[PDB]
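Peer 1: Starting off with a structure, shown below.
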Amino acid sequence: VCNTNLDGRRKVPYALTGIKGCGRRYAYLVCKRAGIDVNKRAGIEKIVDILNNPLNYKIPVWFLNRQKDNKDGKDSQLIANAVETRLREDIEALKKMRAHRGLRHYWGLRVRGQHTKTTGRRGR
Amino acid sequence: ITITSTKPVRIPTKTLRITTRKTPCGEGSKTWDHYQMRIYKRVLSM
Amino acid sequence: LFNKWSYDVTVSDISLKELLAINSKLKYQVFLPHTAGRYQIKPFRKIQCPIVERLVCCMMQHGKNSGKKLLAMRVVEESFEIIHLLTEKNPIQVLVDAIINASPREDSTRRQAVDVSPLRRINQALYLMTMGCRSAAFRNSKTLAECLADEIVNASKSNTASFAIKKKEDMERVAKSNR
Amino acid sequence: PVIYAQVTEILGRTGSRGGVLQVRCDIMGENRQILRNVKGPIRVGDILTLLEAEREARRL
Amino acid sequence: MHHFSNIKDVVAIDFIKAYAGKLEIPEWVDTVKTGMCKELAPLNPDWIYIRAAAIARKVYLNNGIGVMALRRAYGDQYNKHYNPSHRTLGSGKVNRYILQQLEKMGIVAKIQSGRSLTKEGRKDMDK
Amino acid sequence: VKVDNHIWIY
Amino acid sequence: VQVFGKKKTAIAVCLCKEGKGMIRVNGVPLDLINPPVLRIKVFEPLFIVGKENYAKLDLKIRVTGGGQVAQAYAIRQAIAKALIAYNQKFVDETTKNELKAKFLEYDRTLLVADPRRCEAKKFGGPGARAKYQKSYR
RNA sequence: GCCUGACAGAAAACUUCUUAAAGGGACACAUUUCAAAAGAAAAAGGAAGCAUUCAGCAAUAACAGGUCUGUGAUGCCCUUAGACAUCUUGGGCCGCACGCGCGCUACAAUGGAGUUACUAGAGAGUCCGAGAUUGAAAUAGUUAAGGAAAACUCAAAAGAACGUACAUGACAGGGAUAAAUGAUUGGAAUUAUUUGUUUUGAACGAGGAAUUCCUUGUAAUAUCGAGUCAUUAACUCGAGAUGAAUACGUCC
């Protein structure tokens, strides 16, 4: 299911959480739209497309991972193993322009500007 | 006729509570003097 | 106790008969283990508390459950039905004999072996069988009700599998060398 | 094989801090006075249980 | 003993369940949680009909009530961070949808001081 | 015996 | 005859009058109390002296403070006090005396309020007695 | 007037509960025992018997304790027009190789998550506190009577009840870290003020030596109001909600 392996013991809404793009609230929606009973155990082709093509499957744009995408396109298209690659190109984009948020990511510091004097005590 | 003073329908009193640190600086133990003063209200109707 | 169990029970040894409030007066047969009395304002006022009332309040420890009587009594109220199922006798009777058998008889002081006052025999008896149920229901599928139920019936007659009995003979054996 | 005892009087508290009572029990079986060291709340009226009445815990 | 004069002589939860086709389903019945403190949507698909009966009962007991007096009633605690939990108003659109839908059914009304029951609305639940 | 919402003992 | 039961803050104001043995608290029957674990507790006066005494009595009790358990302890107070007052104003005092003896023999709090009340938080600590931790080093 | 005694709109009196003035009410008197006495202890009554409980003021004398960074209180020294006076723009006190203190949240089934009825006390309100109407997924944006307030606003959650749900599983306990996008307050939000939606799903399996607070509505548990405030509490000052155990003892 979407190039991922899931546990077949838990319920379907709570077994789809293993997908790197589908979590807790998103999983419960796709189980309602697909017309599959929530209380049924996980242990199929109708799910792997609504995850990747949700705009035409009665989904709202505020229920999307990637809103206002760059490089054209306005859909999420993040409920896949695309989560890591999409995240990386954002991080490297800031470094190219040498923006301050990118600079801290390069040093591996606290990006969102917090008190790092005391907390964050990973000895290095 | 309504009368209010710092010292008839007896409206409940509204105590004015203000608490401050005793010290003028930060040194010393933390001691607070609980300052207060009530307001009494009476209503006369004829 | 809940319009289900009677109070026609006795005490085996007289050492706790005068110190346990079971059916001596009319104030001890109470409809609920919820009494809001002042049992800790004068010495030996806790003896006037009902026995099950004292047992209920000992299930209210470990911080996150402090000051929750309703949650505590529900555990006890649904446990005395289990004790009756596993013993076909009075659950109050099972508790009474469990206290006597699990009560320590000699401790040590910093060591010198010393005996235990009858009230401390009762106080330590309750503190022992609740600890076993509290620890054995932690990170477990089994509920606290059966966890409390099995400990009392096990510690009732002679079983050494209960936490209360192990500790009762743990101190006596240590005091057996501390004579 | 446990012999009970009845407290008659309290002789005070000992054991460094106050946690140990020296009481003067008697055994109702044969009226034999015994002095024992007791831990916990005790009054004169209450009784006691001892697994050994052979040791006279006078504590020198 | 036990005598019946109004709906205060039955338990609230069982009456609400017993009180659950005018209430048409909106477009946000599935992609909406009943508040802002909550992190999961309602489980049962009939959650509106349980909520619709409950909102009617609140108007019954409290004559002069408003939407914002229902948002606080159906609220929860904010326990999403390390900060101690504090109360927070429930979602408004889900709550006011039933009231507007109840307005067309003739059960509730729009008085100068909020919402109140009607003649047929009081009679319908009593039966 | 009793069946509440907390336990099912039978 | 009007009586009252008291607790920490919860107040149970009653109204004792002739009736058909019907008890309603804030418009709901006493059998439908919110914390059902305390359903028996509020009914203790009814079985203490029997339901024939309350057979012809009506009670209208209003609760206007406290918590779920403070109110429950006030309900039992106003119930027992109402029977005492009714048996005093109209029935002979000998009959009331035997009823009060049984009530006070079981639970004194049934007929008198608990004097205990919450204390006041003081500076330098989170509660009435507890204080803030001390850091010597 | 409506409905199967409840509810809605105008009215006429009463003060037990509500409020607040005055007085009353316990002084350990009354008994028993113990100490010629000051006094000590039990039980009953009493709303209340440890000085009834908790608090404010709180002497003689002293520190070479903190504040001249609170003042138009000030001595003496120093700078005094290229200034250490004053004002404007931007940066910082938020910077991390680490150590220490006060705290918040968790390590769950006495639990989390989903629905329902609930129950307070004490504060605050002049453009300020903001009811009611609506569009919405929430944060919030448009129009808005009442209130200088026992009048109007200002409202509970811990807990409980409802289900063939979750079942010992770092799981649905835990919510750090971040990636997206939407507004609020502000002349200005970048080194995110605050915050919504989706995703990311880490340490933490009850904690070593040491050490802090606590004896009755006390500890503890969770919450609410206010201080600060254009916006921001994990802090402080207070209030109610539930209500443990252990002692009526000794100088270790």
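Numbering starts fresh at 1 for the residues of each chain in the structure tokens, the chains themselves are lettered A, B, ... in the order given, and ligands are numbered from 1 as they appear.
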Please identify all polymer residues within 12 Å of segment 37-48 of chain C, counting only C-alpha atoms (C1' of nucleotides), omitting same-chain residues fewer than 5 positions from it, and present them as a PyMOL selection string.
Peer 2: (chain C and resi 16-30+53-55+57+118-120+122-123) or (chain D and resi 40-43+46) or (chain G and resi 73+107-110+113-116) or (chain H and resi 42+50+215-218+243-249)
Peer 1: Write out as a list in words the residues lying within 10 Å of segment 53-65 of chain H, counting only C-alpha atoms (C1' of nucleotides) and excluding same-chain residues fewer than 3 positions away.
Peer 2: residues 27, 28, 33, 34 and 35 of chain B; 116, 117, 118, 119, 120, 121, 122 and 128 of chain G; 50 of chain H
Peer 1: With a distance threshold of 12 Å and counting only C-alpha atoms, extract the residues of chain G near chain B and express them as number ranges by chain.
Peer 2: G: 121-125, 131-132, 134
Peer 1: Give me, please, the distance in Å between atom CA of residue 25 of chain A and atom CA of residue 42 of chain A, quoted to one decimal.
Peer 2: 17.0 Å
Peer 1: For chain B, which residues have at least one atom within 12 Å of chain H, if we go by only C-alpha atoms (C1' of nucleotides)? Write them as number ranges by chain, please.
Peer 2: B: 8-21, 23-36, 40-42
Peer 1: Suppose we keep N, CA and C atoms; can you now write the selection as a PDB file, in the first residue's frame?
Peer 2:
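Result saved to selection.pdb:
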ATOM      1  N   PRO B   8     -33.407  50.252  55.135  1.00  0.00           N
ATOM      2  CA  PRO B   8     -32.222  50.273  54.271  1.00  0.00           C
ATOM      3  C   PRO B   8     -31.884  48.911  53.670  1.00  0.00           C
ATOM      4  N   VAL B   9     -31.730  48.872  52.351  1.00  0.00           N
ATOM      5  CA  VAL B   9     -31.299  47.668  51.651  1.00  0.00           C
ATOM      6  C   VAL B   9     -29.780  47.619  51.714  1.00  0.00           C
ATOM      7  N   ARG B  10     -29.242  46.517  52.226  1.00  0.00           N
ATOM      8  CA  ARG B  10     -27.809  46.397  52.482  1.00  0.00           C
ATOM      9  C   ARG B  10     -27.172  45.630  51.328  1.00  0.00           C
ATOM     10  N   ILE B  11     -26.664  46.377  50.356  1.00  0.00           N
ATOM     11  CA  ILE B  11     -25.936  45.782  49.229  1.00  0.00           C
ATOM     12  C   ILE B  11     -24.657  45.138  49.749  1.00  0.00           C
ATOM     13  N   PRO B  12     -24.279  43.953  49.268  1.00  0.00           N
ATOM     14  CA  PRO B  12     -23.036  43.332  49.739  1.00  0.00           C
ATOM     15  C   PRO B  12     -21.836  44.232  49.497  1.00  0.00           C
ATOM     16  N   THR B  13     -20.909  44.217  50.449  1.00  0.00           N
ATOM     17  CA  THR B  13     -19.716  45.041  50.346  1.00  0.00           C
ATOM     18  C   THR B  13     -18.753  44.476  49.309  1.00  0.00           C
ATOM     19  N   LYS B  14     -18.047  45.375  48.632  1.00  0.00           N
ATOM     20  CA  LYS B  14     -17.059  45.011  47.622  1.00  0.00           C
ATOM     21  C   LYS B  14     -15.682  45.394  48.151  1.00  0.00           C
ATOM     22  N   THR B  15     -14.999  44.433  48.771  1.00  0.00           N
ATOM     23  CA  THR B  15     -13.664  44.685  49.295  1.00  0.00           C
ATOM     24  C   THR B  15     -12.675  44.884  48.155  1.00  0.00           C
ATOM     25  N   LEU B  16     -11.778  45.848  48.324  1.00  0.00           N
ATOM     26  CA  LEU B  16     -10.784  46.198  47.313  1.00  0.00           C
ATOM     27  C   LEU B  16      -9.432  45.674  47.783  1.00  0.00           C
ATOM     28  N   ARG B  17      -9.006  44.549  47.219  1.00  0.00           N
ATOM     29  CA  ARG B  17      -7.793  43.868  47.648  1.00  0.00           C
ATOM     30  C   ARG B  17      -6.628  44.244  46.743  1.00  0.00           C
ATOM     31  N   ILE B  18      -5.526  44.672  47.352  1.00  0.00           N
ATOM     32  CA  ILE B  18      -4.285  44.963  46.641  1.00  0.00           C
ATOM     33  C   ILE B  18      -3.127  44.412  47.459  1.00  0.00           C
ATOM     34  N   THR B  19      -2.236  43.669  46.807  1.00  0.00           N
ATOM     35  CA  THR B  19      -1.100  43.037  47.460  1.00  0.00           C
ATOM     36  C   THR B  19       0.195  43.499  46.806  1.00  0.00           C
ATOM     37  N   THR B  20       1.186  43.830  47.630  1.00  0.00           N
ATOM     38  CA  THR B  20       2.461  44.327  47.135  1.00  0.00           C
ATOM     39  C   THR B  20       3.604  43.672  47.896  1.00  0.00           C
ATOM     40  N   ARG B  21       4.771  43.652  47.262  1.00  0.00           N
ATOM     41  CA  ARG B  21       5.978  43.171  47.913  1.00  0.00           C
ATOM     42  C   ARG B  21       6.464  44.216  48.905  1.00  0.00           C
ATOM     43  N   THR B  23       9.488  44.737  50.194  1.00  0.00           N
ATOM     44  CA  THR B  23      10.792  45.324  49.944  1.00  0.00           C
ATOM     45  C   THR B  23      10.718  46.382  48.845  1.00  0.00           C
ATOM     46  N   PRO B  24      11.636  47.348  48.849  1.00  0.00           N
ATOM     47  CA  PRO B  24      11.830  48.217  47.681  1.00  0.00           C
ATOM     48  C   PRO B  24      12.794  47.667  46.641  1.00  0.00           C
ATOM     49  N   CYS B  25      13.393  46.503  46.883  1.00  0.00           N
ATOM     50  CA  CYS B  25      14.281  45.851  45.929  1.00  0.00           C
ATOM     51  C   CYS B  25      13.971  44.358  45.946  1.00  0.00           C
ATOM     52  N   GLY B  26      14.844  43.562  45.341  1.00  0.00           N
ATOM     53  CA  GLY B  26      14.601  42.136  45.261  1.00  0.00           C
ATOM     54  C   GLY B  26      15.167  41.346  46.423  1.00  0.00           C
ATOM     55  N   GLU B  27      16.076  41.955  47.179  1.00  0.00           N
ATOM     56  CA  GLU B  27      16.746  41.257  48.263  1.00  0.00           C
ATOM     57  C   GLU B  27      15.764  40.913  49.380  1.00  0.00           C
ATOM     58  N   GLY B  28      16.129  39.908  50.164  1.00  0.00           N
ATOM     59  CA  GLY B  28      15.342  39.499  51.304  1.00  0.00           C
ATOM     60  C   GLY B  28      14.306  38.457  50.943  1.00  0.00           C
ATOM     61  N   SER B  29      13.715  37.878  51.982  1.00  0.00           N
ATOM     62  CA  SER B  29      12.677  36.884  51.780  1.00  0.00           C
ATOM     63  C   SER B  29      11.451  37.527  51.144  1.00  0.00           C
ATOM     64  N   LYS B  30      10.597  36.685  50.576  1.00  0.00           N
ATOM     65  CA  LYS B  30       9.403  37.150  49.877  1.00  0.00           C
ATOM     66  C   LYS B  30       8.272  37.270  50.890  1.00  0.00           C
ATOM     67  N   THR B  31       7.957  38.502  51.284  1.00  0.00           N
ATOM     68  CA  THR B  31       6.866  38.783  52.206  1.00  0.00           C
ATOM     69  C   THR B  31       5.931  39.806  51.579  1.00  0.00           C
ATOM     70  N   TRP B  32       4.635  39.508  51.598  1.00  0.00           N
ATOM     71  CA  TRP B  32       3.618  40.336  50.967  1.00  0.00           C
ATOM     72  C   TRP B  32       2.645  40.834  52.024  1.00  0.00           C
ATOM     73  N   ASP B  33       2.407  42.144  52.045  1.00  0.00           N
ATOM     74  CA  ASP B  33       1.429  42.735  52.951  1.00  0.00           C
ATOM     75  C   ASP B  33       0.104  42.878  52.216  1.00  0.00           C
ATOM     76  N   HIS B  34      -0.929  42.217  52.726  1.00  0.00           N
ATOM     77  CA  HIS B  34      -2.214  42.147  52.038  1.00  0.00           C
ATOM     78  C   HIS B  34      -3.042  43.367  52.419  1.00  0.00           C
ATOM     79  N   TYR B  35      -3.015  44.378  51.557  1.00  0.00           N
ATOM     80  CA  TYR B  35      -3.735  45.620  51.776  1.00  0.00           C
ATOM     81  C   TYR B  35      -5.163  45.476  51.272  1.00  0.00           C
ATOM     82  N   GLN B  36      -6.105  46.081  51.989  1.00  0.00           N
ATOM     83  CA  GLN B  36      -7.504  45.984  51.602  1.00  0.00           C
ATOM     84  C   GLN B  36      -8.281  47.149  52.191  1.00  0.00           C
ATOM     85  N   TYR B  40     -19.023  49.939  51.634  1.00  0.00           N
ATOM     86  CA  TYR B  40     -20.351  49.578  52.112  1.00  0.00           C
ATOM     87  C   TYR B  40     -21.400  50.411  51.387  1.00  0.00           C
ATOM     88  N   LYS B  41     -22.470  49.758  50.942  1.00  0.00           N
ATOM     89  CA  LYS B  41     -23.529  50.406  50.181  1.00  0.00           C
ATOM     90  C   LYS B  41     -24.869  50.161  50.858  1.00  0.00           C
ATOM     91  N   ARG B  42     -25.640  51.231  51.038  1.00  0.00           N
ATOM     92  CA  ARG B  42     -26.970  51.169  51.625  1.00  0.00           C
ATOM     93  C   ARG B  42     -27.946  51.897  50.714  1.00  0.00           C
TER      94      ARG B  42
END
Peer 1: If you run DSSP on the backbone, which residues of segment 26-149 of chain C are helix (DSSP H, G or I), as a ChimeraX atom specification?
Peer 2: /C:46-48,51-57,69-77,80-87,91-102,118-136,144-149
Peer 1: Skipping near chain neighbours, those fewer than 4 positions away, what residues fall within 10 Å of segment 22-25 of chain E using only C-alpha atoms (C1' of nucleotides), listed as an MDAnalysis selection string?
Peer 2: chainID E and resid 29:30 48:49 52 97:98 101:102 104:105
Peer 1: Once you have the residues from the selection above, write them out as a tab-separated table (two decimals), in the first residue's frame, restricted to C-alpha atoms.
Peer 2:
chain	number	residue	atom	x	y	z
E	29	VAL	CA	-20.28	16.06	8.35
E	30	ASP	CA	-17.10	13.99	7.92
E	48	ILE	CA	-25.21	14.94	14.42
E	49	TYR	CA	-28.50	13.35	15.48
E	52	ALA	CA	-29.18	17.72	17.46
E	97	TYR	CA	-26.12	24.59	11.92
E	98	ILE	CA	-28.49	22.46	14.00
E	101	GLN	CA	-32.01	23.60	10.80
E	102	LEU	CA	-34.21	23.31	13.89
E	104	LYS	CA	-37.15	25.37	9.77
E	105	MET	CA	-38.50	22.26	11.51
Peer 1: Using only C-alpha atoms and a distance of at most 12 Å, pull out the residues of chain A that contact chain E, as a PDB file with C-alpha atoms, in the first residue's frame.
Peer 2:
ATOM      1  CA  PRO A  13      -7.937   3.829  10.164  1.00  0.00           C
ATOM      2  CA  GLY A  23      -1.479  10.394  10.067  1.00  0.00           C
ATOM      3  CA  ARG A  24      -4.432  10.228  12.462  1.00  0.00           C
ATOM      4  CA  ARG A  25      -7.070  12.696  11.247  1.00  0.00           C
ATOM      5  CA  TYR A  26      -6.202  12.180   7.574  1.00  0.00           C
ATOM      6  CA  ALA A  27      -6.532   8.405   7.946  1.00  0.00           C
ATOM      7  CA  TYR A  28     -10.039   8.677   9.395  1.00  0.00           C
ATOM      8  CA  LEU A  29     -11.233  10.769   6.443  1.00  0.00           C
ATOM      9  CA  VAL A  30     -10.009   8.421   3.708  1.00  0.00           C
ATOM     10  CA  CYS A  31     -11.710   5.515   5.483  1.00  0.00           C
ATOM     11  CA  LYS A  32     -15.039   7.359   5.371  1.00  0.00           C
ATOM     12  CA  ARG A  33     -14.734   8.419   1.719  1.00  0.00           C
ATOM     13  CA  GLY A  35     -16.696   3.385   2.198  1.00  0.00           C
ATOM     14  CA  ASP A  37     -15.850   0.120   7.897  1.00  0.00           C
ATOM     15  CA  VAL A  38     -13.614   1.772  10.484  1.00  0.00           C
ATOM     16  CA  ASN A  39     -14.003  -1.036  13.030  1.00  0.00           C
ATOM     17  CA  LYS A  58     -14.300  15.112  -1.765  1.00  0.00           C
ATOM     18  CA  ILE A  59     -11.425  16.578   0.226  1.00  0.00           C
ATOM     19  CA  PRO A  60     -10.879  20.196   1.346  1.00  0.00           C
ATOM     20  CA  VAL A  61      -7.796  22.192   0.438  1.00  0.00           C
ATOM     21  CA  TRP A  62      -7.191  23.002   4.117  1.00  0.00           C
ATOM     22  CA  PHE A  63      -6.932  19.238   4.752  1.00  0.00           C
ATOM     23  CA  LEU A  64      -3.804  19.106   2.576  1.00  0.00           C
TER      24      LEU A  64
END
Peer 1: Per DSSP on the backbone, filter segment 1-143 of chain C down to the residues in strand (DSSP E or B) and report them as a list in words.
Peer 2: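 Going through segment 1-143 of chain C, the strand (DSSP E or B) residues come out as residues 106, 107, 108, 109, 112, 113, 114, 115 and 116 of chain C.
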Peer 1: What's around residue 72 of chain C at 10 Å? Count only C-alpha atoms (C1' of nucleotides), leave out sequence neighbours fewer than 6 positions away in its own chain, and write the answer as an MDAnalysis selection string.
Peer 2: (chainID C and resid 33 55:61 65:66) or (chainID H and resid 110)
